[PDB]
Structures are given as C-alpha cells and as structure tokens.
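# Examination of the molecular architecture
So you can see what is in the structure, the chains are spelled out below.
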Amino acid sequence: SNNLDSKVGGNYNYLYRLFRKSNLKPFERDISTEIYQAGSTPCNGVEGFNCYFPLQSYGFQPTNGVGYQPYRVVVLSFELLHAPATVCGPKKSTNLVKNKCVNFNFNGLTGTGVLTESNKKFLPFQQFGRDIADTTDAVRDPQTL
Amino acid sequence: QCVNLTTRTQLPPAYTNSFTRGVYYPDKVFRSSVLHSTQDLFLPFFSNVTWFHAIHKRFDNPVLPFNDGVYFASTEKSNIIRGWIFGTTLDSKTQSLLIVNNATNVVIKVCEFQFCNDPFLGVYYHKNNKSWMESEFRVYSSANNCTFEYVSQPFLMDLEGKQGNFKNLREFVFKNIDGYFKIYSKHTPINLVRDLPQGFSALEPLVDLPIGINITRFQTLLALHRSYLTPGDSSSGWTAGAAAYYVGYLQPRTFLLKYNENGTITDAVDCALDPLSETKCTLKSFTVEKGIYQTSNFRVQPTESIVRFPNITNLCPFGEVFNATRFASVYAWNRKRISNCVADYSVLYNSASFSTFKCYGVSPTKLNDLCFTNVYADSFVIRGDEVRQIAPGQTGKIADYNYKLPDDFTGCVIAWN
Amino acid sequence: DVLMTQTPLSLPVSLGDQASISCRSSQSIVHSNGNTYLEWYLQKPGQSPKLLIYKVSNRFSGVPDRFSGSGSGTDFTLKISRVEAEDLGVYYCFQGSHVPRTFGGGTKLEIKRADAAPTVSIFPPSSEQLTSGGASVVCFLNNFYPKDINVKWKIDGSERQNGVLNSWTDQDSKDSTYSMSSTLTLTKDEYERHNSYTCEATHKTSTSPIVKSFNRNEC
Amino acid sequence: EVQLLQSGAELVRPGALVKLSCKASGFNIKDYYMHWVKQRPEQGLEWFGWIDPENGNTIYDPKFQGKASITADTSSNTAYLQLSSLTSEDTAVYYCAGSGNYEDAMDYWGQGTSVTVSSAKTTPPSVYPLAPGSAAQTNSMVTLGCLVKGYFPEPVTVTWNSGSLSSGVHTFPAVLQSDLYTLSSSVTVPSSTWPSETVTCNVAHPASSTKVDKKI
Ligand SMILES: *[C@@H]1O[C@H](CO)[C@@H](O)[C@H](O)[C@H]1NC(C)=O
C-alpha cells in the first residue's frame, strides 16, 4: 500500500507498540499508554532514562525500500463447525435426497451416509447431532428446518 | 437518575447452598442416551452464592465482580427482577452490556452509558387497566458509540402481585469466552416457601452476543411499585415487591453430562465436589460399583521458585573502560574485544549515571537475560551536535567519515556529560 | 382518550348559599384501592386556574374549608358550604393518573340579586371615522341581570346581522352589573347610504325590547 | 412560595414555531412533573401533554400528537415547550403546571402566555370619540363612549380621564374578528357634568407604544 499509506516522511495514523511489560496473550488489544519502565527508577508516567513511550510511529515513506515500505496486513480468523453457520461460500445447493447413500455437504459437514427422517427430537438451538462415538449422527436442514 | 432510595438499607452478603444448579449446555451439539465429559466455566455444586432480597427497608442492588462468569437464580411471583447491567466501569468511560426487559421485549444494547447511583425501571399509576408497561427509564441518562443492538420477540410481562408461595423460578448463566458472551435460560414453576427447591434443571441458550468487551462487574436491576395513593419523593419514595435473587460464580470445572433419550440432561456430576464424583469422572459413568479404584494422582506443588546461580564474579572491568583516563579519537576509535569473563549489567543500565542510553534491535531488559557470542566496545569522544549521528543508517562528519553503524546493528549506544 | 361533560353551564348563588357543580366521565376512574382520580380547578378573572380538591375527598392545602367534593363512579359533585364574593370564576374537572388527561366543559358561578333592566344608549359614528373611510354604530347596554341578553340591529326597518360584535364584562365589584355593547361595522358608503338606525335590547325582564334610534342627518 | 413564570405574549406567522419557557421557583424541577395546558374562549381548556424532567418521557393529546415536542432544562430550572407548523387554529393561551412530587394532591399554575398565530402586523389603534345621537333621546343622566377599532395585538387598555374617574366606567373586553381586535368603553355621568365639563378617554397600546387622548 505504499502508493496510499506513505505520506511525505511518515504517517502518524499508523503506530505500533515498541515495548510491553510482559508477553502478550492471544487475540488481546492493549491500548494502555503506560510508560514502560526498564530500570528500577519509577517513571512517574513520563519519559526519561530507562523510561520509554511504548507507542511509536512508523517510518513509512514513498521512497522506502521493499522491506521498509508499508504492507497492509489482513488476518482471517474463524471457527469451523463450532456454532450455527452464519456464512457460506458461493456454492450452489441442490435438492435433498432421502433413503439413498449420497455424499452430503450440510453446513460445511462433508461426508457419506444415508439420509432419512429422524425420530430424534432436537432442541431449537441444537443443530448438529453426535453418536456415541462422537461421529456424525444427524444434522438440521439450514433452509427448511 | 442519581436520587437515592429512602428506605434502602445495606445488608451483609449472606451465603447459602446450591444443590444441582450451574449446569448448562456447553455447545449446540446434540447428544442423547450418553454420558459426556466436558470442561468449561461452571458453578460448583453445593457452593456458596449470595443472599439478596428486595422488600419495602432493605433494597439490594450491589455491584458484584463478574470475573470469568457468574450464575443467576431467583424465585419470583410478579417477576420483580428487571434486568442487569454488565461492564467494567458501568459508566460511559467504556462499553457496557445491558439487558432490560421493559414489559414488551428483551432489549440488549452495547454503548457508552452514563452511570447512575440506583439504575432500574418502574411503573406508576396503573388503575383500571392493569397495564404494568414500562414508564420511566432510569437505567442510564445518555448513550453514544453503539456497536451492537438486538431485539427479541414481543411479549407481555405480568407484574401482578400474587399471594401464596413463589410460583416462578428463573435461572440464567453469564460467561465470557475470549470476549464472546453466552446467555443461558430456564423457566419452570415451583411451590416454594423459602430458600431454593430440591431438584435438577438444565439451562438452554437465549441469544448469542459476539461483542468482545471486558466486563469485571455487574448490577442486578429490580422493578419497584408506584401508585396514585402512596407516592413518594422523586425518586426516593418508591418501593418494590418481594423477591429474592442469588448470584453464583463460575469456575473451570469438568462435569459429566447425562443425556436422556430426548437429549435433556437428567443428572450432573462435579469431579471436584465429592471423591465419589471423582470416581465417576474417572470411570466416565454415573454409577459406581462397590470397590477400590484409582481416580488420579496426588502431588505436592512447589512452595516457591528458588534460583541459585553460580557466582558472577571475575567481571571484566567495564567501569574502568567507561572511566578510563583517556579515550581514543573518533577516527582512531579503539576496538576492544571482551571475552572469558562475566558481565553484570544491572549496575550499568539501571544506575542512571549517564545522560542518554538507547538500544537498537533489543530492549535493555532482555539483554540481561541473553548469552552472546562476541562482544565489542568502541570508545570515542565527539561533540554534542555529533552525538545524534551515532545510529544505524546515519550520515555526517562522524557517521560516514569516522565511525559508521550498520543498519542491522544490534548493540547499544551510551553517552554522558 | 376520555370524554368529560359538565352541567349546568352556569348557576347563580347569593352569598351564603351552596353551589353544586357536577362532572360526568365516559369511563370509570375508581380502582381497587377505593380512592378516586380527579382534581377541581378554579380560574379567577384575570388569573389562571388554581387547584381546589384532589381525590374528590381531600382538600388541597391553602384552600378554604368551604370547598369539598363528593360522589362515586363517573358522577361527582363539588359542594361549597358558603359561597363568598371571591368564588367568582369557572369550575373545571380534571382526570389524572397515567392516561391522556381530560378537561371539562367549565362551569361559571355568579352572585344572585334583584333583577334590573339594561340602559340602552346608542352613539353615531364620529366625523373623524367617516373622514377615515370607515363607520361603526355603537350601542351600549349596561346594568342588566341576568347575563342572558341580545341586541338586534335594524337599518331603515331592515335587519342586518353582519358586522355585529358583543362583549360581556366580568361581574362588577360594587353593583355586580353586567355590561355589553353592540358595534355595527359599516363602510362609509353603506353608512351614508342609509339614514335610520335602531338598536333593540332584548331582555328577559321586559317583554318589549328597549329600543333607541337616531338619524344620520340629525347627527 | 412557589411561582411559575411565563412570557406575557407571543406572535408569529403561520408555519413558524414558538418556544415557550416555564420557570421553576421554590421547588426542584427534576423531582417534580411538568404539565401543559391550552385555553381558548369558546370551549375552555384543552390538555396538551406532560413531561418528567428527571425522565424526559412525554405524552401528547391525540389531537396534538406529532405537532409539538417538549423539553426541559436542569441547570436553569426552566421547562421549555415548542410548537411547529403553526396555523390560524393554534391561537390560544398556554399554561404550565408542575410540582407534583409524584402525587396528584400538589400542583400550581402560572399566569399563562397569549400566543397568536396570524399573518397580521402590529397595527396602532384608531381612537374616535362617541357622541350621542339625535337630541330626541334625553334623560336625567347622560352616557358617553370611546371607540377603539382596528388594532393588533392585544392587550389594549382604555380608561377615562387617565383613570381618575372610576364612577360609572365600564370596560368591555376586546373581541377578535378577521385577525383584528375591537373594544369599546362607556362612562356614566350626570347631566351637570357634560358638556359643562370635559370628558376624555385614554387608550394605551404597549405593543405599539401608542397613546391617544380624545375629547368628546
Ligand atoms: C422498551 O425498550 C425498547 C428498546 O429500544 C424501546 O424502543 C421501547 O420504547 C421501550 N418501551 C416499550 C414500552 O417498548
């Protein structure tokens, strides 16, 4: 994104945390501006010797090299089959089949088995069913429940 | 808004015992005629939960820590319980999750709300059409920065005051999982004089709230009563009905969920409660036969971590180097190789005996815990205006012509007056 | 939405007599606890309405003890033990509680005394008004009881109703007299086109209305 | 002693808006409800709405629903009323009540505000003397009059001899027709006063600052 993010000498809209008091946990955002204390002398919330401001600005510039130019980063996180399906890819669906062995892809569950009307009653929130072995037992039709 | 109740009186947080509550479905997955073992935030059985009640001179609306999760249970006749307020500061400083059931529908909103001394909802002057529809909104004064909103199906709430025993039982579960908030609910009639019924119940999900906010405290909302005949000062002279709500704490415990033919849970076992429950957990069965079984292994945990490193003596004279009688010129900077000794950097970096100190590629604190391969010291004296030239990728009369630091320089620069 | 009706529109009471003002409601205002929702307001001349009674059974603070209400259901009545000179005004009924509040039609009160006939005096328009292009025939009716009174305008024996204005004064403090005037708005051409003007005062005490007339050429 | 204070009068053109203030004195605005009322001569009072400064919820007469909004101020201890899309039908007198303490048994009222919605502009009054008619009409006493017509807006005060003559003086309230006001006055004197002595009527129009003296 060098053609967009880079501005003259730098872009203050993009910053980073240079220091932290410990190691970060997964998927947590730390906005605290507390001064990082490197030494034993209290920083008193101001900059000084062994006291540095964790928030820092990048050196993005239009003339920066390949390694120094800004690269917009997008990371994708998701949970598979851990909840009802709220999203799905643009894959065309077909009609349902019963009393026949077929390869089924229901709410992302890919497998082979015979589809038949179930005598078991699921709770309205329950979608995916499991057998004694925890394998695929039954599922709920997303469109026509 | 901030007007305190006239008859409100503080009471000690008395405790009680919970028999089989704290059980809920961890996930939407369905299972039947099986005994499943799962670990998640649960309220231990036979645990202690707070004793709170609402009457015309003790009104209970305390702030309770949320921690990783809490459990709710209350016995009602007119459904005095109104809702809850969830948030870290419970103020506009940060986002707060609030659930309010204002007699038409359950409303969930995530915004920056203004804190109130005694937030709640009430109604006044019903007369000959029983109504009991929300009238005043004291929950918060103002809102802004709304990132989420939800509305449930419409319904009518009956706030009629009824005699006899408590005919209603409401139990909810509130928990946070990596910022994901889950709500469980259960409703069942009861005939109760005091305390809680002896029985078992299973709570089902109510809504899904992928919000992602930190919540450390919460409040319990109550519904008061008002009338044409016996009003009071605004809003201190208002009173509420008789109710009792109890709050529990969730812990990361493992339960054995017994599923019936229809998938409903009819029994639950907590491993940490009873060693018999430990036997059941080890056997993964709800029945224990007469005999001696090995459940787990006992161990004694360290009291504290003890570190005894060898003597750090035989230090190379860094102090002499920094305090030597003379230093080499900037162009004739000496290259001193240091090895076969130990370095004590605590007295150097943390003594604050130098005007400026900076490090490139590594923090000074981390350097104290690292072992190096080769260490070099370059001593030189330059003018004040030339000190700024000592850094990677610099230029000038010193950086280019006398002493140049590479862009990948992982060392540190030390200077003083 | 609740409709409220009041009757009678007005009633006279001599000093010391009792006054009865009743209000009707289209819906029941009584509830299980047994008390009632209603407020009585009195608007004095040149002053705003003021509360008299609340709940119909309890007197408002600072109100004279003569004022008291009673009743049940949708029918109620305000009772004044002894009506004094300061009770002149309009009585109103109010529906309270939590519901679109309703007002009454109003009930006026007056002091009773001996009847009197109006004094009819009629004035031609001024010369300056005619110079300005307008004209207004003014008829004065004063010192008459009761308030019910009417005036009929006739031009050369023909009745004209357009441009007739009537104003009623408040009850006087000494003679309690009611005064009214009839202003007939006419243009210069219309006024100068006709000659005879007549003002007739229709009043209960006299079967024959009191009539006063004048001639334009004589004024 | 509590008192509710409002503006004396207001005048705006059709389609405009009016902002009215009801001041609170001697009581807490937050803890006490605030009511509003409209009065017109023909059929009396008409309810408008209520508001709670602590809460802010407002309810409106089905006739006025969607026609107005109510607001209140905490620091100023003054309740505000706003009307929009005004028309000729909105001419009336407005009142405010409050100090309920969540109880019906407690309430007051202010002097009110006269709001007129019309396209007319302030018109100075035209004062003319009213002499009697033909000499054929006689009596032991004589009656005089003073004419006021074509003036706007109200109020307009009329007296006799600068108010020094209170004997037989009758003041007639003005009447509104075609966006215009008209009032008249009369003074009763014996035959030994007029024309033996001068009689004058004084008319004052504070809005237009018009003062006229006319001798009969
Ligand atoms: C209840 O809460 C909803 C949430 O937005 C709100 O819109 C509504 O006005 C409140 N009151 C009633 C009676 O629904």
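What counts, and where the lines are drawn
- Residues numbered from 1 in each chain as written, not as in the entry; some residues may be left out.
- Chains lettered and ligands numbered in written order.
- Part of a larger assembly, values for the part shown.
- Heavy atoms only, no water.
- Contact = heavy atoms within 4.5 Å.
- Buried area = accessible area lost by both parts, 1.4 Å probe.
- Salt bridge = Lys/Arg side-chain N within 4 Å of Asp/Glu carboxyl O.
- Polar contact = N/O pair within 3.5 Å; in protein donor to acceptor, adjacent residues only side chain to side chain.
- Nonpolar A, V, L, I, M, F, W, Y, C, P; charged D, E, K, R; others polar.
- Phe/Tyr/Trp six-rings, centres within 6.5 Å; stacked < 30°, edge-to-face > 60°.
- Helix = DSSP H or I, 4+ residues; strand = E, 2+ residues; numbered from the N terminus.
- Buried < 20%, exposed > 50% of the residue type's maximum accessible area, 1.4 Å probe, protein only.
- Near = heavy atom within 4 Å.
- Areas by Shrake-Rupley, 256 points an atom, 1.4 Å probe, with all protein chains shown as cover.
- Pairing = 2+ DSSP bridges.
- Axes fitted to C-alpha atoms, helices over the stretch in contact; angles between N-to-C directions.
- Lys, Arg positive; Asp, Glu negative; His and termini not counted.
- Disulfide = S-S within 2.5 Å.
- UniProt positions renumbered as here; feature names shortened; annotations may be inferred.

### Here's the deal with the interface of chain A and chain B
Opposite the 22 residues of chain A that make contact, chain B presents 21 residues. Taken together, both faces of the contact between chain A and chain B bury some 1,900 Å²; the carbon and sulfur share is 60%. The largest share of the area that chain A buries against chain B comes from A:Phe49, A:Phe125 and A:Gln126, three residues that together contribute 31% of it. On inspection of chain A and its partner chain B, the count reaches one salt bridge. Its salt-bridge partner being B:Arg31, residue A:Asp134 comes within 3.1 Å of it at the nearest N-O pair. Here chain A is connected to chain B by seven residue pairs in polar contact. Residues of the side of chain A that touches chain B, tallied by class, amount to twelve nonpolar, seven polar and three charged.

### Examining the packing of aromatic side chains
Residues and elements named next belong to chain C. The full count for this structure, using the stated rule, is 58 aromatic pairs over all chains. Measuring from ring centre to ring centre gives 5.4 Å for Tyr41 and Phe94, while their planes differ by 50°; the resulting arrangement is tilted. Pair noted here: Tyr41 is in strand 4 (residues 39-43) and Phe94 is in strand 9 (residues 89-94), with a separation of 53 residues, a long-range link. A residue is classified by how much of its surface remains accessible, and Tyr41, at 3% relative accessible area, is buried.

### With respect to the site of the ligand
All names here are of chain B. The ligand sits among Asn102, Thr104, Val107 and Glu134. One nitrogen or oxygen atom from the side chain of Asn102 is found 2.4 Å from an oxygen atom belonging to the ligand. Contact distances for the ligand include 3.0 Å between an oxygen atom and a side-chain N or O atom of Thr104. Starting from 350 Å² of accessible surface for the ligand in isolation, the protein chains cover 50%.

### What to know about the pattern of salt bridges
The full count for this structure, using the stated rule, is 29 salt bridges over all chains. In this structure, B:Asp208 and B:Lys28 form a salt bridge, with 3.3 Å as the shortest nitrogen-oxygen distance. In this structure B:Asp208 comes out as partly exposed when scored by relative accessible area, which is 44%. Residue classification places B:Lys28 among the buried residues on the basis of a relative accessible area of 15%. For C:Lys154, the salt bridge identified is with C:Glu200, shortest N-O distance 2.6 Å. Of this pair, C:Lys154 sits in strand 13 (residues 150-155) while C:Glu200 sits in strand 17 (residues 196-203), and the two are 46 residues apart along the sequence.

### A closer look at the interface of chain D and chain C
Taken residue by residue, the interface counts 42 residues in chain D and 44 residues in chain C. Of all residues in chain D, the largest losses of buried area upon contact with chain C belong to D:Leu45, D:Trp47 and D:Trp109, amounting jointly to 16% of the total for that side. There are two salt bridges connecting chain D and chain C. Note that C:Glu128 and D:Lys214 form a salt bridge whose closest N and O atoms lie 2.9 Å from each other. One can count 13 residue pairs in polar contact joining chain D with chain C. Of all the secondary structure elements, the ones that give two or more residues to the side of chain D that touches chain C are strand 4 (34-40), strand 5 (44-51), strand 11 (126-130), strand 12 (141-151), strand 14 (169-171), strand 15 (175-177) and strand 16 (180-190) of chain D. Considering every element that reaches the side of chain D that touches chain C, the biggest residue donor is strand 12 of chain D, with five residues. Looking at the side of chain D that touches chain C residue by residue, the classes come out as 21 nonpolar, 16 polar and five charged.

### Describing the sheet that holds strand 3 (residues 19-25) of chain C
All names here are of chain C. In spatial order, the strands read 1-3-8-7; together these four strands make up an open sheet with antiparallel pairing. At either margin of the open sheet sits one strand with a lone partner, and together these are strand 1 (4-7) and strand 7 (67-72). In this sheet, adjacent strand axes meet at a mean angle of 20° when their direction is disregarded. As paired elements, strand 1 and strand 3 share four bridges and run antiparallel to each other. Directly across from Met4, in strand 3, lies its bridge partner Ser25.

### Considering the environment of C:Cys23
Residues and elements named next belong to chain C. Note that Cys23 resides in strand 3. For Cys23, a relative accessible area of 2% puts it in the buried group. Along the sequence, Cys23 and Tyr92 sit 69 residues apart, while their C-alpha atoms lie 8.5 Å from each other.

### Overview of helix 1 (residues 275-283) of chain B
Residue and element names in this part refer to chain B. Those residues of helix 1 lying buried are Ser277, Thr279, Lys280 and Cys281. Contacts made by the buried residues of helix 1 are with strand 18 (251-259). Sitting at the head of helix 1, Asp274 places a side-chain oxygen 3.0 Å from the backbone nitrogen of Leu276. Downstream of helix 1 by one or two residues, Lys284 has phi in the positive range, about 55°.

### Side note on the side chain of B:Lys77
Residue and element names in this part refer to chain B. Its place among the elements puts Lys77 in the loop between strand 5 (69-76) and strand 6 (81-87). Notably, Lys77 is buried but unbridged: the nearest opposite-charge side chain belongs to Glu160, and the N-O separation is 11 Å. Engagement of the side chain of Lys77 in a polar contact is seen with the backbone oxygen of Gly164, the distance being 3.5 Å.

### Some remarks on the UniProt feature "disulfide bond" in chain A
Per UniProt, A:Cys43 and A:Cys51 form a disulfide, and the coordinates bear that out, putting the sulfurs 2.0 Å apart. With respect to burial, A:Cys43 and A:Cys51 carry one shared label: buried.

### Observations concerning the environment of D:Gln177
Residues and elements named next belong to chain D. By the secondary structure assignment, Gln177 is in strand 15. Overall, the relative accessible area of 41% leaves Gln177 in the partly exposed class. Sequence separation between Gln177 and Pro195 is 18 residues; the distance between their C-alpha atoms is 34 Å.

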